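Protein chains in written order, with the deposited numbering: chain i, 32 to 128; chain g, 33 to 166; chain h, 49 to 158; chain F, 44 to 295; chain M, 6 to 296; chain q, 57 to 111.
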Amino acid sequence: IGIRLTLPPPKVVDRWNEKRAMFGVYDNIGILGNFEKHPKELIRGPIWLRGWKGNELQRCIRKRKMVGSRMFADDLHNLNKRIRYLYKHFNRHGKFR
Amino acid sequence: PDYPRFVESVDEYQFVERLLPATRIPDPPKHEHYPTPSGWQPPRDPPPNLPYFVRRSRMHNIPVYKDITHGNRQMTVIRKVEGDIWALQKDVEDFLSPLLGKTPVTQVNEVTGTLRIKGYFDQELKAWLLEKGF
Amino acid sequence: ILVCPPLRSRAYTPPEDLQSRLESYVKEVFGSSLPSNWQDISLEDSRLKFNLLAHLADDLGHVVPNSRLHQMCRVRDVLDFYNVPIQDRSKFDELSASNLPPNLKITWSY
Amino acid sequence: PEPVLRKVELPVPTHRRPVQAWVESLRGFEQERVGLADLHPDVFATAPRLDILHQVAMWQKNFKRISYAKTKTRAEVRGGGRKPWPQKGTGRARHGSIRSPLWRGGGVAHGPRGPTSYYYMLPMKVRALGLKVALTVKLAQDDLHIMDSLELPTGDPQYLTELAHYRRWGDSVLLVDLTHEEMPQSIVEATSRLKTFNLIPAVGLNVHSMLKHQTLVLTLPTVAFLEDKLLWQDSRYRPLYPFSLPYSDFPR
Amino acid sequence: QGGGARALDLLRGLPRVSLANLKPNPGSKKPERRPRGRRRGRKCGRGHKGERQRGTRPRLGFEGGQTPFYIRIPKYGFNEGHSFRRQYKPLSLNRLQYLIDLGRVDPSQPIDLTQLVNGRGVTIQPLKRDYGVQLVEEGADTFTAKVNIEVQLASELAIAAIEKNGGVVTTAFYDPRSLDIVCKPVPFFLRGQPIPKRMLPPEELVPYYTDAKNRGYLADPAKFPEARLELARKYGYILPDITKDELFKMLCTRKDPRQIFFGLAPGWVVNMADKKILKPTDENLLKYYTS
Amino acid sequence: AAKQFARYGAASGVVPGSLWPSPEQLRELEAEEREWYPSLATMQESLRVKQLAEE
Ligand SMILES: [Mg+2]
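In structure tokens:
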């Protein structure tokens, strides 16, 4: 029970598909391009996460600030509750003070 | 739509160019006498004939730094060492043995070209490396 | 039709008359001004270095690699480089040609 | 045929001497030894810092990673508002909601909470030093080749494939021209049909590509560009504002 | 000669550096500690019951109910009005001399905030309520350069060191907006705003800047000869005649009190793209910027 | 638009006359200056009067 009885379908990786072969190209776009662009401008993703990092409370606060006016009501309500929950957790509970 | 009248000019733009900073640290001017009033000496030319080399920093100073950890670990670091760093260590051992009365405690970091000494010796080491041509 | 030459062997053996053939090339590139101590001639000039080293490569089929070019400061160095033989055999061939005892059998499934 | 002899433009430290590489060509199979190039020792003969390569390689691999993994907490799983049965009396374990992380179909206690960013920035000088080290390492291990240009006699990929095999260039080759727009159309046609021979402009050079490919091919214009860009970091003041704004001596 | 080249030639005989044989520097990657196994699981470092094991101990500074240490000390205005106090980045005569000796400040021309910032001699933070540089005396004995320097505050002994070498020093006020502009001209020019007027000091600073003993930029020029003579008598040097010097014209250059930059007037727009300067000619505008 | 002019100059297409305050704006600038930024003589006069009271 719990362990598969046949080998899984073999996994073939093309180590030289175009995505892998060109990975990292232009990561020095600033230092090699007269700093017209910053490498963070190459990051694609949510508008609230490009070239920025934080813990989960900071991300939720940042997402609420920037796209919160555009969120669906159920999702915005969950985000409000999540911020409140993390607010209590990070400010009032834990081993260290 | 009336607008305030203006006059373009190119003669006064020299005054704008005087305000722009450079990205490149300027090379120090030539001085009739050394050391300069501030105390700065340029490296010796031709470079000294030694197994190791200590390059100057981007601001043209000798790369000897004091460092501190734990609030009590006084340390002197010599950076930017080329060549044989184990020869530099022996010389620093022999230069500082009389001053301490014993062999200095040192770390040789071959990877980074850095010598680390226990104790503050930044002034003595600076004056001593400067008398070597570095 | 464009035909690429066959793959060139890396194996190299220093010729017996190396010093003589080098000395000839030295005089051909640097002249006969300083025949004495020709081995101490410096290769600081890049044109002379290229001429000397491109000649040795054409002739001897063995070129100084980029990692070593800066180390060819004098003619002593170039001579010492071509005194070193190179072997191009694989590890199976090297091992099988190592006087294996009767009870050592090496196979190769590659 | 006069040799192509490249000298270093930027001043070399007196205590150091330039390193050198054959200048080569892609115009014929045997067109090696077309010249001799001086290379700046501070760019192509720096201390071999593999620890710095790992730093820069990991910054490249991770700094742009956005994770999209996400789980629902016990707060976000559908329903689950009411207390399943009374606190006392039933002889059951006490439970506040059917979507606690103890229940099948419950929330996830400490699951991924994406989208999660991994953005960080190694200091510019570390990022510039990683480029030098990779170049120094390619030269030192005989994986660097300087060409005068990347022009080919034909745009046929098999030629470039056969040429690499003849010159013992390895399985993967990274071609660096100076500019994207001014790449020879022949090398563009050959590399576009290949997987392991990759053509990039100078501005796209990076530690991850140089490590992925076994062989690194640089035209001579690229070398001058690289020496200029990387040696600039060694002599520059600390900035007063982003280097994208006007300075006295920058750019060029 | 040694380890340096000994590493690159040692690399020639090693496998190729690839993405498969890299590693962080030893000591750079401390291991993660996870609450798993005998040593680190079970109670997992949190102890046994109480508030601490349950994660509910009181806030920082709470002492269990005893009136806490940080509350039972009396309020005292150590930090009252800290945010409106003016701060001055000190510039030493040791540091000034060093900047000149290394070529980062040019003594052949007037030295003001722009030249000190651009030579990376001082770092000014107007947002942290910096009002400029105070010229401090440290290094006065060994200071030899002759300069025409403009600062915001200057010590008498610093002034004596400047003037004993044949130099000139004036103290000038910069309001926080003018200070921000004078410190980073290029970012301001990229705003496309007319150069503003440099405001006057507030009342409490008007006496400092109208006083010749401070070489104030609003001080009476006729009173400077005496004040320069007093320091020479006080400190025992002979005041040089700077009118006789060839750089005398340079030594006299002073901005107008309402002027932020040498050679540029209030109300001008700097066009860095075309390298032009636009001057308004409307009378109302022109009267505003000259007033 | 003022920032676009500063970055690209005439290529921006901004009429440079729009860079200085308009007559109504100039009136507001001068009014705020008169209220909050007194003349040199006024401040000197104020210090003189204040100094007499203390003396
Ligand atoms: Mg039961």
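Where a beta carbon is used, it is the ideal one built from N, C-alpha and C, also for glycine.
Only counting the same chain, and skipping five residues up and downstream in sequence, which positions put a Cβ closer than 8 angstroms to that of residue i?
i              : result
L96 (chain M)  : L121, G126, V127, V138, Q139, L140, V141, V156
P155 (chain F) : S110, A112, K113, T114
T138 (chain g) : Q121, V124, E125, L147, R148, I149, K150
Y75 (chain M)  : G66
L117 (chain i) : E87, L88, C91
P20 (chain M)  : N26
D216 (chain M) : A224
Interface residues of chain i around residue i at Cβ under 7 angstroms?
i              : result
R64 (chain M)  : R128
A171 (chain F) : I62
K107 (chain F) : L73, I74
Please report how far the alpha carbon of residue i lies from the alpha carbon of residue j, in whole angstroms.
i                   : j              : result
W79 (chain i)       : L73 (chain i)  : 14 angstroms
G151 (chain g)      : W118 (chain g) : 19 angstroms
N289 (chain M)      : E86 (chain q)  : 11 angstroms
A64 (chain F)       : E52 (chain F)  : 16 angstroms
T176 (chain M)      : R87 (chain g)  : 40 angstroms
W160 (chain g)      : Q89 (chain i)  : 52 angstroms
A183 (chain F)      : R259 (chain M) : 58 angstroms
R124 (chain h)      : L108 (chain h) : 17 angstroms
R59 (chain M)       : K126 (chain i) : 9 angstroms
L195 (chain F)      : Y202 (chain F) : 9 angstroms
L218 (chain F)      : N48 (chain i)  : 17 angstroms
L184 (chain M)      : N84 (chain M)  : 25 angstroms
residue 9 (chain g) : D214 (chain F) : Any answer about residue 9 (chain g) is impossible in this case: the structure gives chain g only from 33 up to 166.
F38 (chain g)       : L291 (chain M) : 11 angstroms
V96 (chain g)       : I186 (chain M) : 36 angstroms
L223 (chain M)      : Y93 (chain M)  : 20 angstroms
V99 (chain F)       : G8 (chain M)   : 24 angstroms
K139 (chain h)      : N151 (chain h) : 19 angstroms
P40 (chain M)       : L96 (chain F)  : 33 angstroms
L288 (chain F)      : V191 (chain M) : 8 angstroms
Residue i: beta carbon under 7 angstroms from a heavy atom of ligand 1?
i              : result
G82 (chain i)  : no
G149 (chain F) : no
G134 (chain F) : yes
Suppose the cutoff is 6 angstroms on Cβ atoms and the five residues either side in sequence are ignored; what does the same chain contact list for residue i look like?
i             : result
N59 (chain i) : none
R91 (chain M) : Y136
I32 (chain i) : none
Which chain M residues sit within Cβ distance under 8 angstroms of residue i?
i              : result
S94 (chain h)  : Per Cβ cutoff of 8 angstroms: no residues; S94 (chain h) is ~20 angstroms from chain M at best.
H124 (chain i) : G60, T61
So residue i contacts chain h; which residues on that side make the cut at Cβ distance below 9 angstroms?
i             : result
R17 (chain M) : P113, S115, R116
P46 (chain F) : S94, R95, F98, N99, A102
Excluding the five sequence neighbours on either side, which residues of its own chain have a C-beta within less than 7 angstroms of the C-beta of residue i, listed in chain order?
i              : result
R100 (chain M) : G126
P181 (chain M) : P131
Which residues of chain M have a Cβ atom closer than 7 angstroms to the Cβ of residue i, listed in chain order?
i              : result
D154 (chain g) : Neighbours of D154 (chain g) on chain M: none; closest Cβ ~16 angstroms, over 7 angstroms.
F38 (chain g)  : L283, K284, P285, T286
Residues of chain h with CB closer than 8 angstroms to the CB of residue i, please, in chain order.
i              : result
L269 (chain F) : The premise fails here: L269 (chain F) is roughly 16 angstroms from chain h at the closest Cβ pair, so nothing lies under 8 angstroms.
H208 (chain F) : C52, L55
I want to verify the contact list: residues of chain i whose CB lies under 9 angstroms from the CB of residue i, in sequence order.
i                     : result
residue 371 (chain M) : No answer is possible for residue 371 (chain M): it lies beyond the span of chain M, which begins at 6 and ends at 296.
Starting from residue i, find everything on chain g with Cβ-Cβ shorter than 7 angstroms and list it in chain order.
i             : result
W76 (chain q) : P36
Cβ closer than 7 angstroms: which chain h residues qualify as neighbours of residue i?
i              : result
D185 (chain F) : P113, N114, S115
Interface residues of chain F around residue i at Cβ under 8 angstroms?
i            : result
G9 (chain M) : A90
Under 7 angstroms Cβ-Cβ, which residues of chain F neighbour residue i?
i              : result
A105 (chain h) : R76
**Study point:** Interface positions of the region 204 to 219 of chain M facing chain q (Cβ-Cβ less than 9 angstroms), listed along the chain
**Key:** Along the region 204 to 219 of chain M, going in chain order, the ones with a CB nearer than 9 angstroms to a CB of chain q are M204, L205, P206, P207, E208, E209, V211, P212, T215.
- Message: Under 9 angstroms, CB to CB, which of the residues in the region 64 to 98 of chain i have a partner in chain F?
- Response: Hits within the stretch, in order: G64, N65, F66, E67, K68, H69, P70, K71, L73, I74, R75, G76, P77, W79, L80, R81, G82, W83, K84, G85, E87, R90, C91, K94.
request  = Quick one: which residues of the region 87 to 117 of chain g get their C-beta closer than 8 angstroms to a C-beta of chain M? List them in chain order.
outcome  = Those residues of the region 87 to 117 of chain g that come within reach of chain M (Cβ to Cβ, closer than 8 angstroms) are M91, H92, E114, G115, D116, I117.
Where the region 117 to 132 of chain M meets chain F: residues whose CB sits under 8 angstroms from a CB there: Listed by position along the chain: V122, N123, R125.
ask   = Taking any Cβ of chain g, which residues in the region 91 to 103 of chain F have a Cβ under 8 angstroms from it, in chain order?
value = Of all residues in the region 91 to 103 of chain F, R92, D94 have a Cβ within less than 8 angstroms of some Cβ in chain g.
Compile a chain-ordered list of the residues in the region 119 to 141 of chain g whose CB is closer than 9 angstroms to at least one CB of chain F.
If the cut-off is 9 angstroms between Cβ atoms, the region 119 to 141 of chain g has nothing near chain F.
- Message: Give me the subset of the region 170 to 202 of chain M whose CB atoms are less than 8 angstroms from a CB atom of chain q, sorted by chain position.
- Response: Correct list: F194, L195, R196, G197, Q198, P199.
**Request:** Could you please tell me which residues of the region 23 to 54 of chain M, in chain order, have their CB closer than 8 angstroms to any CB of chain F?
**Result:** Flagged, chain order: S23, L24, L27, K28, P29, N30, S33.
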